[PDB]
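Visitor: So that we are looking at the same thing, I have put the structure below in structure tokens.
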Amino acid sequence: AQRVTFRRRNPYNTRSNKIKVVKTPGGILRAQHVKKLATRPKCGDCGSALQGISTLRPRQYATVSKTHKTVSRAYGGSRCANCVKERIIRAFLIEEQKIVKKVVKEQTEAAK
Amino acid sequence: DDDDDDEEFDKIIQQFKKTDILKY
Amino acid sequence: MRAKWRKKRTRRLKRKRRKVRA
Amino acid sequence: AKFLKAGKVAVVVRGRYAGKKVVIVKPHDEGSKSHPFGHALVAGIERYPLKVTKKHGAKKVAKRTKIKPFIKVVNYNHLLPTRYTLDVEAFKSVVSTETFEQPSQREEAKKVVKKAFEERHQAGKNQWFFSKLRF
Amino acid sequence: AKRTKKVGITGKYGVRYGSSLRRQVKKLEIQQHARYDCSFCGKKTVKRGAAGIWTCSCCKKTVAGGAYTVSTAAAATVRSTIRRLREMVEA
Amino acid sequence: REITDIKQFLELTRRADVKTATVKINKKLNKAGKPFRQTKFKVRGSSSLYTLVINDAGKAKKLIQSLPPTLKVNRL
RNA sequence: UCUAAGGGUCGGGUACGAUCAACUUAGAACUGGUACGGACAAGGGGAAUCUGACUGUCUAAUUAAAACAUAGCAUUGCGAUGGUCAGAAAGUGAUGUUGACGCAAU
RNA sequence: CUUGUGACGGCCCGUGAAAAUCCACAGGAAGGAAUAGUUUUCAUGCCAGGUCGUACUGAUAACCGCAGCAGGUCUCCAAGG
RNA sequence: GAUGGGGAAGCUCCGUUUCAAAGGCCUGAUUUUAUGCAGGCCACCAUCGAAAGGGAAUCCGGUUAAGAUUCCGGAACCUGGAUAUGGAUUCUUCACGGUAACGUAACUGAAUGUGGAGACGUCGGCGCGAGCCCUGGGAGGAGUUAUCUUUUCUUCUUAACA
Ligand SMILES: [Mg+2]
Ligand SMILES: [Zn+2]
Ligand SMILES: [Zn+2]
């Protein structure tokens, strides 16, 4: 039934002043300030969370290696897999559309 | 059932020890 | 970072190539 | 009729080589024991050769005309077949089902697939196959 | 069971504000909170986000529409006469 | 950092950065309820602390004798 | 002092049994100086009239109201070289990151 | 019970900050090996981290109300019946 | 809230990107050498403004008459800079594996562009976690004992970081 205190000079319950009660090896209860939780990185197109990317505060991404921040695909840590797939499909199909459009538009005015 | 582990352990210790050195 | 980090990387490579120049 | 033949060129849409152009050398419509789906035994380009102009004299040309190939089993649902085609005779005998599961055989098949792709690229063949799909 | 005889969603307003005002508010909130057919994905998944913003939960499209309904009659007749003028401009 | 292989522990002791090691004995009970001596080895480097646990007294003795002459061993 | 109902987890060739743990409700006897939400805690109610629709606001230190506000209704001005307002002046401002389903004044 | 969090749902003519800072992707400039290199986003190893505050009260006696004034003054923790 | 400007007899007023010739950035090239000349890139455009907003990184035990996340002992982490060794990669120069979602100790990437994080209301119910509360067995200590009570109270703990 021990009661705890803030360990810093902020006495207010702000977003950066979150505490958690822990039990020390001395057998007493003590507050422990916890940092704010990280949000998962989002896809650029669909806006959903990228799978396989570590979830850290933005300064902490400079400490981890490249494997924790990337996937082994084109647009790896940036776009979702289905978004990359559909833009590959879109790219190939409408360059083919442009080829067919070009040959038809040259052919009609070559005939006329 | 630690006899096999002991054999491997002794081999590791022997490899680490290099007190005897040949001079030529 | 990435900017001061790339500057530190090129500084390390430049120092290393200057000493292996000799 | 069916079109997924042993000489077609497709674009991979999933995996490490997504967006890369491959040539099918060995179809398998009714799958296998280790792959219970309609698949193929494609070979493709991981690193495309770069643009070559008049300014590069022969050293940058030999540097920029390098091709890094790969060989891969892929599901049909992870392929996008195209209207073009590419002849296969030089490496259809050296890439096959037993040349996988063996890194030495994969290395040896990738060497000769690389040699074939460089000779076809230094000849004026298949500009669409050797161009990079930009997406 | 049918809990209210006639007030419906305006039963949250109690006896306040007058019955004829509550009638208009009921008629517009039913349109405001109903679901609509998505013109792209074909499902009954379009909902109002804010006034004029109608987003489909399935295919994640977002259409600009009326304040309380997804399409107003003024916009319908405007789209009709734009289509008619576009067919006339070649003729 | 916990070391699972004795080879890794011995390699770390050879480092010039490591000059001292501590040994601690702890009493433990096995599944049958029989007591045995657990030996814990700790070596401190400039950047990290390494720990190795040995449940056999005979093996622990051999390990201590195999340590380099430059490394001094102290018991807690 | 009892009764009844409300569960979990394990068990079945190719209907149930075992174990474990909850406070919720209903009912029945019996009993007492008819007491029992036993202290604490805790709505007085009805029939009408005047007035303001309501929630809200104000005269800090004599007035909390029927006063003010309010949604609703209606009127007026204005299409930007503009309406309303500011500034001693300005190559100056507010509405205005605005445009009549708006801004401004009643 | 207090608190943190997740997936949701309701509400709006209200849809509920900005910047520093950090990371990734696209691109292919340039540099590059064979008797040798290229890499320090892998591991280990080396050095340094200046300035100012830091006691105590925070209220029927440490603040403001002429004062050791029943007044006023923001907030965290919260046992059993 | 300066500057460029424009008002004002003037103390000063307006304005904050404006009717401005508004600057600095990296590679280097040269190794009379200093840092000009080779280059190339970029156009925000002062500054002030939060001890409750955003934000790199520290915990436990002990210690004083009076200090402690600050001292002592132990154990960590971050930033800036030096740097060598091991590992990785390469004669197919700049990695392999998995159908795939993706995985790993690593596994070049300038200019330029794009994306993400920072970065976000309130209420309601439901799920999970931590601490506290309740409680059983056991190992210790204390209390009551005319009678009763295998009883009443108390200790049985585990930080950051990996
Ligand atoms: Mg990853
Ligand atoms: Zn996506
Ligand atoms: Zn839809």
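Each chain in the structure tokens gets a letter, A, B and so on, in the order shown; residues start at 1 in every chain, and ligands are counted from 1 in the order they appear.
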Could you list, as a list in words, all protein and nucleic acid residues with an atom at most 10 Å from ligand 2, counting only C-alpha atoms (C1' of nucleotides) and all ligand atoms?

Guide: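 The distance check yields residues 42, 43, 44, 45, 46, 47, 48, 49, 50, 78, 79, 80, 81, 82, 83, 84, 85 and 86 of chain A.
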
Visitor: Kindly assemble as a tab-separated table a list of the chain I residues that lie within 10 Å of ligand 1, each paired with its nearest atom pair and their distance in Å to one decimal, using only C-alpha atoms (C1' of nucleotides) and all ligand atoms, sorted first by chain and then by ascending residue number.

Guide:
```
residue	atom	partner	partner_atom_place_in_ligand_line	distance
I:102	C1'	ligand 1	1 (Mg)	7.7
I:103	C1'	ligand 1	1 (Mg)	7.4
I:104	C1'	ligand 1	1 (Mg)	9.0
```

Visitor: Excluding residue I:85 and its own-chain neighbours fewer than 2 positions away, which residues fall within 10 Å of it when counting only C-alpha atoms (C1' of nucleotides)? Please give them as a list in words.

Guide: residues 44 and 45 of chain H; 87 of chain I

Visitor: Could you work out which residues of chain A fall inside 12 Å of chain C? Count only C-alpha atoms, and format the result as a VMD selection string.

Guide: chain A and resid 58 to 63

Visitor: Okay, now the selection with N, CA and C atoms, as a PDB file, in the first residue's frame?

Guide:
```
ATOM      1  N   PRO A  58      11.680   8.225 -34.029  1.00  0.00           N
ATOM      2  CA  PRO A  58      12.463   8.533 -35.245  1.00  0.00           C
ATOM      3  C   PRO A  58      13.959   8.706 -35.046  1.00  0.00           C
ATOM      4  N   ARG A  59      14.408   9.162 -33.880  1.00  0.00           N
ATOM      5  CA  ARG A  59      15.844   9.252 -33.653  1.00  0.00           C
ATOM      6  C   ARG A  59      16.464   7.877 -33.451  1.00  0.00           C
ATOM      7  N   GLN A  60      15.680   6.907 -32.978  1.00  0.00           N
ATOM      8  CA  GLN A  60      16.214   5.577 -32.725  1.00  0.00           C
ATOM      9  C   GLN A  60      16.483   4.799 -34.001  1.00  0.00           C
ATOM     10  N   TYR A  61      15.957   5.253 -35.142  1.00  0.00           N
ATOM     11  CA  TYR A  61      16.216   4.578 -36.407  1.00  0.00           C
ATOM     12  C   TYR A  61      17.637   4.786 -36.897  1.00  0.00           C
ATOM     13  N   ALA A  62      18.346   5.776 -36.364  1.00  0.00           N
ATOM     14  CA  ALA A  62      19.746   5.970 -36.705  1.00  0.00           C
ATOM     15  C   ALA A  62      20.662   4.992 -35.987  1.00  0.00           C
ATOM     16  N   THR A  63      20.165   4.285 -34.975  1.00  0.00           N
ATOM     17  CA  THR A  63      20.971   3.351 -34.205  1.00  0.00           C
ATOM     18  C   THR A  63      20.906   1.927 -34.724  1.00  0.00           C
TER      19      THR A  63
END
```

Visitor: Once you count only C-alpha atoms (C1' of nucleotides) and all ligand atoms, which residues end up within 6 Å of ligand 3, and could you hand them over as a CSV table (one decimal) with N, CA and C atoms, in the first residue's frame?

Guide:
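pocket.csv, written as the output of this step:
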```csv
chain,number,residue,atom,x,y,z
E,38,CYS,N,-21.6,2.1,-53.1
E,38,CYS,CA,-20.4,2.6,-53.7
E,38,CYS,C,-20.5,2.4,-55.2
E,40,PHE,N,-18.0,2.5,-57.3
E,40,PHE,CA,-16.8,1.9,-57.8
E,40,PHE,C,-16.8,0.4,-57.4
E,41,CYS,N,-16.9,0.0,-56.2
E,41,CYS,CA,-16.7,-1.3,-55.7
E,41,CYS,C,-18.1,-2.1,-55.7
E,43,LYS,N,-20.6,-2.0,-53.4
E,43,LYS,CA,-21.1,-2.5,-52.1
E,43,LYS,C,-21.8,-1.4,-51.3
E,56,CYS,N,-15.9,5.3,-48.8
E,56,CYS,CA,-16.3,3.9,-48.9
E,56,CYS,C,-15.3,3.1,-48.0
E,58,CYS,N,-14.9,-0.2,-47.9
E,58,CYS,CA,-14.3,-1.3,-48.6
E,58,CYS,C,-13.1,-1.0,-49.5
E,59,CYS,N,-13.3,-0.2,-50.5
E,59,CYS,CA,-12.3,0.1,-51.5
E,59,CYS,C,-11.6,1.4,-51.3
```

Visitor: Any chance you could list, as a VMD selection string, the residues in chain E that come up helix (DSSP H, G or I) when DSSP is run on the backbone?

Guide: chain E and resid 8 to 13 19 to 33 73 to 90

Visitor: Could you take the residues named above and write them with N, CA and C atoms, as a short mmCIF file (atom, residue, chain, number, x, y, z; two decimals), in the first residue's frame?

Guide:
```cif
data_model
loop_
_atom_site.label_atom_id
_atom_site.label_comp_id
_atom_site.auth_asym_id
_atom_site.auth_seq_id
_atom_site.Cartn_x
_atom_site.Cartn_y
_atom_site.Cartn_z
N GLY E 8 -38.08 8.31 -33.51
CA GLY E 8 -36.91 7.65 -34.05
C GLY E 8 -35.61 8.16 -33.46
N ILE E 9 -34.69 8.55 -34.35
CA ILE E 9 -33.37 9.00 -33.95
C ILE E 9 -33.41 10.34 -33.22
N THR E 10 -34.50 11.10 -33.34
CA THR E 10 -34.64 12.32 -32.57
C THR E 10 -35.16 12.07 -31.16
N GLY E 11 -35.31 10.81 -30.75
CA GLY E 11 -35.66 10.51 -29.38
C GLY E 11 -34.60 10.89 -28.37
N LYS E 12 -33.38 11.14 -28.83
CA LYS E 12 -32.32 11.69 -28.00
C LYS E 12 -32.56 13.15 -27.63
N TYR E 13 -33.47 13.84 -28.32
CA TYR E 13 -33.69 15.25 -28.05
C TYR E 13 -34.73 15.49 -26.97
N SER E 19 -41.49 20.15 -32.13
CA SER E 19 -41.71 18.94 -32.91
C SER E 19 -41.45 19.16 -34.39
N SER E 20 -41.79 20.34 -34.90
CA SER E 20 -41.57 20.59 -36.32
C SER E 20 -40.11 20.80 -36.65
N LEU E 21 -39.30 21.26 -35.69
CA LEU E 21 -37.87 21.31 -35.91
C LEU E 21 -37.25 19.92 -35.80
N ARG E 22 -37.75 19.13 -34.85
CA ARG E 22 -37.27 17.76 -34.69
C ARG E 22 -37.61 16.90 -35.90
N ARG E 23 -38.70 17.21 -36.60
CA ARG E 23 -39.06 16.49 -37.82
C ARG E 23 -38.04 16.70 -38.93
N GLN E 24 -37.65 17.95 -39.17
CA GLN E 24 -36.64 18.25 -40.19
C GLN E 24 -35.29 17.67 -39.82
N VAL E 25 -34.94 17.75 -38.53
CA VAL E 25 -33.69 17.17 -38.07
C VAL E 25 -33.69 15.65 -38.22
N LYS E 26 -34.82 14.99 -37.97
CA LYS E 26 -34.94 13.55 -38.19
C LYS E 26 -34.75 13.19 -39.66
N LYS E 27 -35.42 13.93 -40.54
CA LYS E 27 -35.34 13.66 -41.98
C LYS E 27 -33.93 13.84 -42.51
N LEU E 28 -33.20 14.82 -42.00
CA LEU E 28 -31.83 14.99 -42.48
C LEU E 28 -30.83 14.07 -41.80
N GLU E 29 -31.04 13.68 -40.53
CA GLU E 29 -30.10 12.76 -39.90
C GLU E 29 -30.23 11.33 -40.42
N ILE E 30 -31.42 10.92 -40.88
CA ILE E 30 -31.54 9.59 -41.48
C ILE E 30 -30.71 9.50 -42.76
N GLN E 31 -30.76 10.53 -43.60
CA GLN E 31 -29.91 10.60 -44.78
C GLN E 31 -28.45 10.72 -44.39
N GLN E 32 -28.17 11.48 -43.34
CA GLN E 32 -26.81 11.71 -42.85
C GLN E 32 -26.15 10.45 -42.34
N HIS E 33 -26.90 9.54 -41.74
CA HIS E 33 -26.33 8.37 -41.10
C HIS E 33 -26.61 7.08 -41.85
N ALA E 73 -29.93 16.60 -55.79
CA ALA E 73 -30.66 16.66 -57.05
C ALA E 73 -30.15 17.78 -57.95
N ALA E 74 -29.68 18.88 -57.35
CA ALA E 74 -29.04 19.94 -58.11
C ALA E 74 -27.78 19.44 -58.79
N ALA E 75 -26.98 18.65 -58.08
CA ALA E 75 -25.78 18.07 -58.70
C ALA E 75 -26.14 17.06 -59.77
N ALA E 76 -27.24 16.32 -59.57
CA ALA E 76 -27.68 15.36 -60.56
C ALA E 76 -28.09 16.04 -61.86
N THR E 77 -28.86 17.12 -61.76
CA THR E 77 -29.27 17.80 -62.99
C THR E 77 -28.12 18.59 -63.61
N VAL E 78 -27.17 19.06 -62.81
CA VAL E 78 -25.97 19.68 -63.37
C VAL E 78 -25.13 18.66 -64.12
N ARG E 79 -24.95 17.46 -63.56
CA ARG E 79 -24.17 16.43 -64.25
C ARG E 79 -24.87 15.97 -65.52
N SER E 80 -26.20 15.93 -65.50
CA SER E 80 -26.97 15.61 -66.70
C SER E 80 -26.79 16.65 -67.79
N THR E 81 -26.86 17.95 -67.44
CA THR E 81 -26.74 18.94 -68.50
C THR E 81 -25.30 19.13 -68.97
N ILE E 82 -24.30 18.86 -68.12
CA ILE E 82 -22.92 18.82 -68.60
C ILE E 82 -22.71 17.68 -69.58
N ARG E 83 -23.28 16.50 -69.29
CA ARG E 83 -23.18 15.38 -70.22
C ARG E 83 -23.89 15.70 -71.53
N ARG E 84 -25.05 16.36 -71.45
CA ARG E 84 -25.80 16.71 -72.66
C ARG E 84 -25.05 17.74 -73.50
N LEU E 85 -24.45 18.75 -72.86
CA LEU E 85 -23.68 19.75 -73.58
C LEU E 85 -22.41 19.17 -74.18
N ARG E 86 -21.80 18.20 -73.49
CA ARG E 86 -20.62 17.53 -74.04
C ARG E 86 -20.98 16.70 -75.27
N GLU E 87 -22.16 16.08 -75.29
CA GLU E 87 -22.57 15.42 -76.53
C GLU E 87 -22.94 16.42 -77.62
N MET E 88 -23.47 17.59 -77.25
CA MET E 88 -23.81 18.58 -78.28
C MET E 88 -22.60 19.29 -78.87
N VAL E 89 -21.50 19.40 -78.12
CA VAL E 89 -20.38 20.23 -78.58
C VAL E 89 -19.65 19.61 -79.77
N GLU E 90 -19.76 18.29 -79.97
CA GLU E 90 -19.27 17.72 -81.22
C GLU E 90 -20.31 17.80 -82.33
#
```

Visitor: One number please: atom CA of residue B:15 to atom CA of residue F:7, in Å, one decimal.

Guide: 9.7 Å

Visitor: Would you kindly return, as a short mmCIF file (atom, residue, chain, number, x, y, z; two decimals) with C-alpha atoms, in the first residue's frame, each protein, DNA or RNA residue with an atom no farther than 12 Å from any atom of residue F:5, considering only C-alpha atoms (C1' of nucleotides) and excluding same-chain residues fewer than 5 positions away?

Guide:
```cif
data_model
loop_
_atom_site.label_atom_id
_atom_site.label_comp_id
_atom_site.auth_asym_id
_atom_site.auth_seq_id
_atom_site.Cartn_x
_atom_site.Cartn_y
_atom_site.Cartn_z
CA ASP B 5 29.99 -33.32 -23.24
CA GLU B 8 34.24 -32.30 -26.21
CA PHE B 9 35.02 -30.01 -23.26
CA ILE B 12 38.35 -27.42 -26.34
CA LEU F 10 37.95 -18.44 -23.59
CA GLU F 11 38.39 -16.23 -26.67
CA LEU F 12 37.13 -13.22 -24.71
CA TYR F 50 30.19 -11.38 -20.11
CA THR F 51 28.73 -14.25 -18.02
CA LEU F 52 29.19 -18.04 -18.26
CA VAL F 53 27.39 -20.67 -16.15
CA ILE F 54 28.82 -24.16 -15.43
#
```

Visitor: Closest to residue B:16 among F:19, F:31, F:14, F:42, using only C-alpha atoms?

Guide: F:14

Visitor: Taking a cut-off of 8 Å and counting only C-alpha atoms (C1' of nucleotides), can you build a table that, for each residue of chain I near chain A, reports the nearest atom pair and how far apart they are in Å (one decimal), sorted by chain then residue number, as JSON lines?

Guide:
```
{"residue": "I:52", "atom": "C1'", "partner": "A:12", "partner_atom": "CA", "distance": 6.2}
{"residue": "I:56", "atom": "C1'", "partner": "A:59", "partner_atom": "CA", "distance": 7.0}
{"residue": "I:60", "atom": "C1'", "partner": "A:25", "partner_atom": "CA", "distance": 7.2}
{"residue": "I:61", "atom": "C1'", "partner": "A:26", "partner_atom": "CA", "distance": 7.4}
{"residue": "I:69", "atom": "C1'", "partner": "A:7", "partner_atom": "CA", "distance": 7.7}
{"residue": "I:102", "atom": "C1'", "partner": "A:71", "partner_atom": "CA", "distance": 7.3}
{"residue": "I:115", "atom": "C1'", "partner": "A:44", "partner_atom": "CA", "distance": 5.3}
{"residue": "I:116", "atom": "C1'", "partner": "A:41", "partner_atom": "CA", "distance": 5.7}
{"residue": "I:117", "atom": "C1'", "partner": "A:58", "partner_atom": "CA", "distance": 5.6}
{"residue": "I:118", "atom": "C1'", "partner": "A:58", "partner_atom": "CA", "distance": 7.0}
{"residue": "I:130", "atom": "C1'", "partner": "A:21", "partner_atom": "CA", "distance": 7.5}
{"residue": "I:131", "atom": "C1'", "partner": "A:21", "partner_atom": "CA", "distance": 5.8}
{"residue": "I:132", "atom": "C1'", "partner": "A:1", "partner_atom": "CA", "distance": 6.4}
{"residue": "I:157", "atom": "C1'", "partner": "A:27", "partner_atom": "CA", "distance": 4.6}
{"residue": "I:158", "atom": "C1'", "partner": "A:25", "partner_atom": "CA", "distance": 4.3}
{"residue": "I:159", "atom": "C1'", "partner": "A:24", "partner_atom": "CA", "distance": 5.5}
```

Visitor: Please produce a file of the residues just selected, as a PDB file, in the first residue's frame, where the atoms kept are C-alpha atoms (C1' of nucleotides).

Guide:
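Writing the result to result_22.pdb gives the following:
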```pdb
ATOM      1  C1'   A I  52       2.853  21.500 -18.685  1.00  0.00           C
ATOM      2  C1'   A I  56      19.565  11.657 -28.249  1.00  0.00           C
ATOM      3  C1'   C I  60      19.758  -0.446  -8.708  1.00  0.00           C
ATOM      4  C1'   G I  61      22.009  -0.774  -3.726  1.00  0.00           C
ATOM      5  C1'   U I  69      18.308   9.475 -11.045  1.00  0.00           C
ATOM      6  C1'   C I 102       9.414 -11.898 -46.173  1.00  0.00           C
ATOM      7  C1'   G I 115       7.284   8.841 -48.686  1.00  0.00           C
ATOM      8  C1'   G I 116       7.068   7.755 -43.490  1.00  0.00           C
ATOM      9  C1'   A I 117       7.805   9.068 -38.374  1.00  0.00           C
ATOM     10  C1'   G I 118       7.597  13.584 -35.203  1.00  0.00           C
ATOM     11  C1'   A I 130       1.365  -3.814 -14.546  1.00  0.00           C
ATOM     12  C1'   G I 131       0.865  -2.272  -9.452  1.00  0.00           C
ATOM     13  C1'   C I 132      -2.374  -2.696  -5.341  1.00  0.00           C
ATOM     14  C1'   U I 157      11.906  -8.751  -3.141  1.00  0.00           C
ATOM     15  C1'   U I 158      14.143  -8.400  -8.220  1.00  0.00           C
ATOM     16  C1'   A I 159      15.724  -2.193 -11.499  1.00  0.00           C
TER      17        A I 159
END
```

Visitor: Neighbouring residues of stretch 50-56 of chain D were defined as those with any atom within 9 Å, considering only C-alpha atoms (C1' of nucleotides); residues of the same chain fewer than 5 positions away were excluded. Please report them as an NGL selection string.

Guide: (:D and (61 or 63-66 or 131)) or (:H and (28))

Visitor: Can you list, as a tab-separated table (two decimals) with N, CA and C atoms, in the first residue's frame, every protein, DNA or RNA residue that comes within 8 Å of residue F:22 when you count only C-alpha atoms (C1' of nucleotides), leaving out same-chain residues fewer than 4 positions away?

Guide:
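This went into part-v4.tsv:
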```
chain	number	residue	atom	x	y	z
F	41	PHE	N	30.86	-17.57	-13.96
F	41	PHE	CA	32.06	-16.81	-14.31
F	41	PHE	C	31.65	-15.47	-14.92
F	42	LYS	N	32.29	-14.38	-14.48
F	42	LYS	CA	32.01	-13.06	-15.01
F	42	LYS	C	33.31	-12.37	-15.38
F	43	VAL	N	33.39	-11.86	-16.62
F	43	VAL	CA	34.55	-11.10	-17.09
F	43	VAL	C	34.05	-9.78	-17.65
F	73	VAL	N	42.01	-14.42	-11.36
F	73	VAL	CA	40.68	-14.90	-10.97
F	73	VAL	C	40.44	-14.65	-9.49
F	74	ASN	N	39.30	-14.04	-9.15
F	74	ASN	CA	38.92	-13.76	-7.78
F	74	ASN	C	37.57	-14.41	-7.48
F	75	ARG	N	37.39	-14.94	-6.25
F	75	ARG	CA	36.14	-15.59	-5.85
F	75	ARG	C	35.34	-14.68	-4.94
F	76	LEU	N	34.04	-14.57	-5.21
F	76	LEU	CA	33.15	-13.75	-4.40
F	76	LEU	C	32.49	-14.58	-3.31
```

Visitor: Contacts from chain I to chain F, 12 Å maximum, only C-alpha atoms (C1' of nucleotides): show me the residue list as an MDAnalysis selection string.

Guide: chainID I and resid 74:77 85 161:162

Visitor: Quick one: contact table of chain I to chain D, 7 Å max, nearest atom pair and distance in Å to one decimal per residue, counting only C-alpha atoms (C1' of nucleotides), chain and number order, as CSV?

Guide:
```
residue,atom,partner,partner_atom,distance
I:92,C1',D:111,CA,5.9
I:99,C1',D:75,CA,4.9
I:100,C1',D:15,CA,6.7
```

Visitor: Considering only C-alpha atoms (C1' of nucleotides), give me a table of residues in chain F that are at most 10 Å from chain H, with the closest atom pair and distance in Å for each, as a Markdown table.

Guide:
```
| residue | atom | partner | partner_atom | distance |
| --- | --- | --- | --- | --- |
| F:12 | CA | H:44 | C1' | 9.9 |
| F:15 | CA | H:44 | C1' | 9.6 |
| F:16 | CA | H:45 | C1' | 9.7 |
| F:17 | CA | H:45 | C1' | 8.1 |
| F:45 | CA | H:44 | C1' | 9.9 |
| F:46 | CA | H:45 | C1' | 8.5 |
| F:47 | CA | H:44 | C1' | 8.9 |
```

Visitor: Could you save the residues just selected, with N, CA and C atoms, as a JSON list (two decimals), in the first residue's frame?

Guide:
```json
[["chain", "number", "residue", "atom", "x", "y", "z"],
["F", 12, "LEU", "N", 37.27, -14.54, -25.32],
["F", 12, "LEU", "CA", 37.13, -13.22, -24.71],
["F", 12, "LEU", "C", 38.19, -13.00, -23.64],
["F", 15, "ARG", "N", 41.52, -11.47, -24.75],
["F", 15, "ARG", "CA", 41.57, -10.07, -25.13],
["F", 15, "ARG", "C", 42.36, -9.26, -24.11],
["F", 16, "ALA", "N", 43.19, -8.34, -24.58],
["F", 16, "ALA", "CA", 43.99, -7.51, -23.68],
["F", 16, "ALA", "C", 43.12, -6.61, -22.83],
["F", 17, "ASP", "N", 41.92, -6.28, -23.33],
["F", 17, "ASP", "CA", 41.00, -5.42, -22.59],
["F", 17, "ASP", "C", 40.52, -6.09, -21.30],
["F", 45, "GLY", "N", 34.58, -6.36, -19.83],
["F", 45, "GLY", "CA", 35.30, -5.63, -20.86],
["F", 45, "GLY", "C", 35.01, -4.15, -20.73],
["F", 46, "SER", "N", 35.68, -3.35, -21.53],
["F", 46, "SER", "CA", 35.50, -1.90, -21.46],
["F", 46, "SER", "C", 34.07, -1.49, -21.83],
["F", 47, "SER", "N", 33.42, -2.28, -22.70],
["F", 47, "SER", "CA", 32.09, -1.92, -23.19],
["F", 47, "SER", "C", 30.98, -2.83, -22.69]]
```
